[PDB]
Q: 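Can you keep this structure in mind? I'll have questions shortly.
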Amino acid sequence: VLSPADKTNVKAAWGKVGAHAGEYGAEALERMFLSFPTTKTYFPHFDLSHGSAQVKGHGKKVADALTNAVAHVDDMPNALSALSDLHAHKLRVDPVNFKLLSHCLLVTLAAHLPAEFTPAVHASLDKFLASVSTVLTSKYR
Amino acid sequence: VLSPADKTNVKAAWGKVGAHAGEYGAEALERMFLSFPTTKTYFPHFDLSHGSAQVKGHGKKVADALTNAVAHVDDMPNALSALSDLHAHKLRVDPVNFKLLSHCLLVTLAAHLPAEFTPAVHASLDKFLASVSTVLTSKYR
Amino acid sequence: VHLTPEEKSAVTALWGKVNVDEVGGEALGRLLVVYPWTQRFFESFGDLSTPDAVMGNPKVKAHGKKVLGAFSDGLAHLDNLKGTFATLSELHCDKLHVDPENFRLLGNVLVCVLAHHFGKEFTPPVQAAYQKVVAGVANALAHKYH
Amino acid sequence: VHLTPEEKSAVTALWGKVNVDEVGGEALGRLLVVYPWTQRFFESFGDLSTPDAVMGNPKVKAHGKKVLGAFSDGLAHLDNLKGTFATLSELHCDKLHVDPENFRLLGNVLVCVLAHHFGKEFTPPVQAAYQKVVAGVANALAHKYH
Ligand code: HEM
Ligand code: HEM
Ligand code: HEM
Ligand code: HEM
């Protein structure tokens, strides 16, 4: 559960991400596939090579979804209902994998935005990604 | 995130607890303290012996809190805000302990309510207790 | 796993009453229903689309028998769970890449199923002894991760 | 933990740039801020009421230095982490009863701190090598639970 201040931190930090949202999403995915190779099993037909246009394309989708989630931080289950059905009902992603991607997103943000990645913002972003993860791993139709 | 079916199942199953609230809550605590002795560390000055009146009294509190959660299942953070401040801010209970107690609550319900504890209701009760646990382990003021 | 003789006796006595043909399937079935992502590991098992389909699925019932047999093998040699489960650990960890939290979940689902079956006989001390057993089995299954 | 020669070289090169007086305290401090229940283990450390209080707490910084020292020692003994960390495992598991998921959290907070400090140098291959190291350390610390 996010505090009011958490929501403000998340909006402020993701705002600073801005036009780089897609690049960062692609980098987070690359970090995840390399650091936690078991995650690649969810993408068996993907070109997962470094610089993959397919991974870059997917990174943008992931980032845009997060931007949507930030925009609807008070109403995330409704905002993400389609994505939840995809990840929880169709793909059946083990929830551990969401912890791995969330970590890799934090690493990506820390690497690119060190001034912005204060302890308080780090904490708020971790909670936000956990909240997104819970929605995407829930079947609530 | 709970489905409408989850909420229906929980309301029905937990609704059968009734006047056995204290009894079932106390049994779940006793199961936790015995099966997972590290959890006793949060209750340093309690009488935790078998049949303890103090555990019996605490069991009623926990069960009544779960009744409260059911009656506010669509808006639980606001209904449980006092309990969240207690468990997350004051006591700093490690989240793993909520998985342990949730399991012991399920065991208790399975042992007492065989007709009710179908696989579907089992699934809904697990999600419900996980949702309650997330609220009680979050700081969101 | 270190059980007292009293705890071992309590566990063994109850297990003697566990239906070899059904309880493993009930536990595996409830795993698939309660924690749906686990279904991803059982594509070839056919219809897992509803709770009733899962619990009535013949391949789930059959596979469950094997799972129960492994817990039974664990009970027969509590002092050598690692050795008993070594081949299964390679399979679940190295080949299938099952996240080891799921081993804990299945053990706890089994405990719920025993409580469901035996009611008041599944006392807190009996549960505590079973919790030692299923933690030991989960740890042995996860040995290749450690 | 086995590192390729390329991974070992990259890990060593990054670690040589770590400020050993500060990075452990930053990692420990962020653990206490991001995962606030971990503060329960550090009640004697004084003011932990705000992120600024945590990060500037002299006892957090000092203790952090010890933690970092343990990671540094681990880097020199990657093939014998269970041995090297045996005393620490007994402390954290048998005496303090720290749930082992927290070892994983601290390792990943350390990785976030390395990313924060070294930016473009903390490439995905370098991160992957460090994830092997912190997983190895968390596993060795948790050994008494296995
Ligand atoms: C913050 C967490 C996540 C977000 C926001 C997210 C978002 C998305 C989005 C936007 C899509 C594209 C949906 C579409 O266009 O149809 C997608 C697809 C997908 N996601 Fe995620 N996802 C997350 C976590 C994960 C994780 C942890 C995994 C597995 C390790 C995963 C596995 C997949 C797969 C396999 C697909 C479909 C790829 C394909 O075959 O086209 N997702 N996700
Ligand atoms: C479903 C999960 C839980 C519920 C509904 C719950 C509910 C409650 C309630 C209603 C109280 C009394 C509040 C008051 O007196 O105003 C309480 C107190 C307390 N709870 Fe929980 N609780 C849960 C999980 C846990 C767990 C897992 C632990 C630790 C293992 C824990 C540790 C405590 C402690 C230490 C107290 C205070 C006892 C005292 O010193 O008086 N709780 N809880
Ligand atoms: C925790 C206790 C567990 C025990 C004692 C256990 C036991 C077994 C046994 C005896 C087999 C058959 C091995 C063979 O025929 O060679 C098996 C296979 C298998 N297990 Fe488990 N298992 C456990 C947990 C899990 C979990 C949690 C999952 C997945 C979420 C899983 C996924 C599988 C799969 C996919 C197979 C192969 C099925 C096939 O033949 O297609 N196991 N297990
Ligand atoms: C995962 C990597 C970790 C490493 C490498 C590590 C390392 C250390 C070291 C070197 C010490 C000092 C031992 C001594 O003085 O004999 C220590 C003490 C301690 N650790 Fe950790 N630790 C880790 C994780 C954790 C976590 C996650 C917690 C959770 C709170 C924790 C709680 C403590 C406590 C309470 C002490 C004693 C503090 C005191 O002296 O009052 N440790 N640790």
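FYI, side chains are in, hydrogens and waters are out, and symmetry mates aren't considered; it's all heavy atoms of this structure. Below, read A as the first sequence line, B as the second, and so on, with proteins coming before strands; counting in each chain starts at 1.
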Q: If I take atom OG from residue D:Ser89 and atom CZ from residue D:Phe103, how far apart are they, to the nearest 0.5 angstrom?
A: 7.0 Å
Q: Check this for me: D:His97, atom NE2, are more than 12 non-hydrogen atoms of other residues, nucleotides or ligands nearer than 6.0 Å?
A: yes
Q: So, do C:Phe122 and C:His117 sit near enough that their side-chain heavy atoms are less than 4.5 Å apart?
A: no
Q: Rounded to the nearest 0.5 Å, what separation is found between the CG atom of D:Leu32 and the NE2 atom of D:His63?
A: 10.5 Å
Q: Taking the side chain as C-beta and beyond, is there a heavy-atom pair between C:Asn102 and C:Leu31 under 4.5 Å?
A: no
Q: In Å, rounded to the nearest 0.5 Å, how long is the span from CG of B:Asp6 to OG of A:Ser138?
A: 9.0 Å
Q: Contact between C:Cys112 and B:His103 at the side-chain level, heavy atoms closer than 4.5 Å - yes or no?
A: yes
Q: Does A:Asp126 form a side-chain hydrogen bond (donor to acceptor under 3.5 Å, both in side chains) with D:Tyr35? I'd like the steps, not just the answer.
A: CA-CA 9 Å; A:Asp126 187 271; D:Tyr35 309 106; 3.1 Å; yes
Q: Crowded around C:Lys8 NZ? As in, over 12 foreign heavy atoms under 6.0 Å?
A: no
Q: Taking atom CG of B:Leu83 and atom CG of B:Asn68, what is their separation to the nearest 0.5 Å?
A: 7.5 Å
Q: Compare every heavy atom of C:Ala128 with every heavy atom of B:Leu34, then report the nearest pair and how far apart it is.
A: O-CB, 3.9 Å
Q: So, A:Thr41 side chain and A:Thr38 main chain: donor-acceptor pair closer than 3.5 Å or not?
A: yes
Q: Going by distance alone, is a donor N or O of one side chain under 3.5 Å from an acceptor N or O of the other, for C:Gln127 and B:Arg31?
A: yes
Q: Does a donor on one side chain sit under 3.5 Å from an acceptor on the other, for C:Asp52 and C:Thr50?
A: no
Q: Measure across B:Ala69 and B:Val132 and return the closest heavy-atom pair with its distance rounded to 0.1 Å.
A: CB-CG2, 4.0 Å
Q: For B:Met32, run the side chain to side chain contact (heavy atoms under 4.5 Å, CB included) check against B:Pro37, B:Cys104, B:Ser102 and tell me which one passes.
A: B:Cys104
Q: For C:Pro5, is there any backbone N or O sitting under 3.5 Å from a side-chain donor or acceptor partner on C:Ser9?
A: no
Q: B:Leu2 and B:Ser131: side chain to side chain contact (heavy atoms under 4.5 Å, CB included), yes or no, with the steps?
A: CA-CA 8 Å; B:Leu2 303 174; B:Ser131 294; 4.0 Å; yes
Q: Please step through side chain to side chain contact (heavy atoms under 4.5 Å, CB included) for the pair C:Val134 and C:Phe71, ending with a clear verdict.
A: CA-CA 8 Å; C:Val134 299; C:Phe71 278 96; 4.0 Å; yes
Q: Taking C-beta and beyond as the side chain, do B:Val73 and B:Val70 meet within less than 4.5 Å on heavy atoms?
A: no
Q: Output yes when a side-chain donor or acceptor of B:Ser84 lies under 3.5 Å from a complementary backbone atom of B:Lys139, and no otherwise.
A: no
Q: Measure the spacing between CZ of A:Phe36 and CG of A:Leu101 and express it to the nearest 0.5 Å.
A: 10.0 Å
Q: What I want to find out is whether C:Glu7 reaches C:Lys132 closely enough, with some N-O distance under 4.0 Å, to be called a salt bridge.
A: yes
Q: Is C:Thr84 reaching over with its side chain to a backbone N or O of C:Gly74, donor-acceptor style, under 3.5 angstrom?
A: no
Q: Does any pair with a residue in residues 106-119 of chain B pass side-chain hydrogen bond (donor to acceptor under 3.5 Å, both in side chains), and if so which ones, sequence neighbours excluded?
A: B:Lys16-B:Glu116, B:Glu27-B:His112
Q: Hey, what's the ring geometry for B:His20 with B:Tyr24, parallel, tilted or perpendicular (30° and 60° as the breaks)?
A: parallel
Q: List the steps, then state whether side-chain hydrogen bond (donor to acceptor under 3.5 Å, both in side chains) holds for C:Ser49 with C:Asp47.
A: CA-CA 6 Å; C:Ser49 61; C:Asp47 193 6; 2.7 Å; yes
Q: Do the side chains of B:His87 and B:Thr137 get nearer than 4.5 Å, heavy atoms only?
A: no
Q: C:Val23 and side chain to side chain contact (heavy atoms under 4.5 Å, CB included): which single residue from C:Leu110, C:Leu28, C:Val67 fits?
A: C:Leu110
Q: Test salt bridge (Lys or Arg N to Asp or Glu O under 4.0 Å) on C:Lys61 and C:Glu26 and set out the steps.
A: CA-CA 7 Å; C:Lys61 182 172 180 293; C:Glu26 293 169 352; over 6 Å; no
Q: As a quick check of understanding, evaluate side chain to side chain contact (heavy atoms under 4.5 Å, CB included) for B:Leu129 and B:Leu66, giving each step before the final call.
A: CA-CA 9 Å; B:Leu129 293 174; B:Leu66 292 176; 4.1 Å; yes
Q: Looking at every heavy atom in both C:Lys59 and C:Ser44, which two are closest together, and how far apart are they?
A: NZ-O, 3.1 Å
Q: Can you give me the closest heavy-atom contact between A:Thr39 and A:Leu100, atom names plus distance?
A: CG2-CD1, 3.9 Å
Q: A quick test of your reading: do over 12 heavy atoms of other residues, nucleotides or ligands sit less than 6.0 Å from NZ of D:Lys144?
A: no
Q: Begin from the C-alpha positions of D:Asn108 and A:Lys99 and carry the test side-chain hydrogen bond (donor to acceptor under 3.5 Å, both in side chains) through to its verdict.
A: CA-CA 11 Å; D:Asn108 281 350; A:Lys99 297 180 174 182; over 6 Å; no
Q: So that I know where these two stand, are C:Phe85 and C:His143 an aromatic pair - ring centroids less than 6.0 Å apart?
A: no
Q: Salt-bridge test for B:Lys56 and B:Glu23: reply yes if a basic N is under 4.0 Å from a carboxylate O, no otherwise.
A: no
Q: Considering all heavy atoms of both residues, which atom of C:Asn57 and which atom of C:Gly46 are nearest to each other, and what is their separation?
A: ND2-C, 4.0 Å
Q: When you check the gap from the basic side-chain N to the acidic O, do B:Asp94 and D:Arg40 get nearer than 4.0 Å?
A: no
Q: If you define the side chain from C-beta out and look only at heavy atoms, does anything of C:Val34 sit under 4.5 Å from C:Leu105?
A: no
Q: Is there side-chain contact between A:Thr134 and B:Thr134, with heavy atoms separated by less than 4.5 Å?
A: no
Q: Using 0.5 Å steps for rounding, measure from the CD atom of B:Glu30 to the OG atom of B:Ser35.
A: 10.0 Å
Q: Please determine whether side chain to side chain contact (heavy atoms under 4.5 Å, CB included) holds for the pair A:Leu91 and C:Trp37, giving the CA-CA distance in whole Å, both sets of side-chain angles, and the decisive distance to 0.1 Å.
A: CA-CA 8 Å; A:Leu91 299 170; C:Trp37 60 89; over 6 Å; no
Q: So, the side chain of C:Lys65 versus the backbone of C:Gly25: is there a donor-acceptor pair under 3.5 Å, distance only?
A: no
Q: What closest approach, in Å, do D:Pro36 and B:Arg92 show between heavy atoms, and which atom pair accounts for it?
A: O-NH1, 3.4 Å
Q: State, yes or no, whether a side-chain contact exists between B:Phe43 and B:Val55 at a heavy-atom distance under 4.5 Å.
A: no
Q: Classify the ring geometry of D:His146 against C:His146: parallel below 30°, tilted from 30° to 60°, perpendicular beyond 60°.
A: parallel
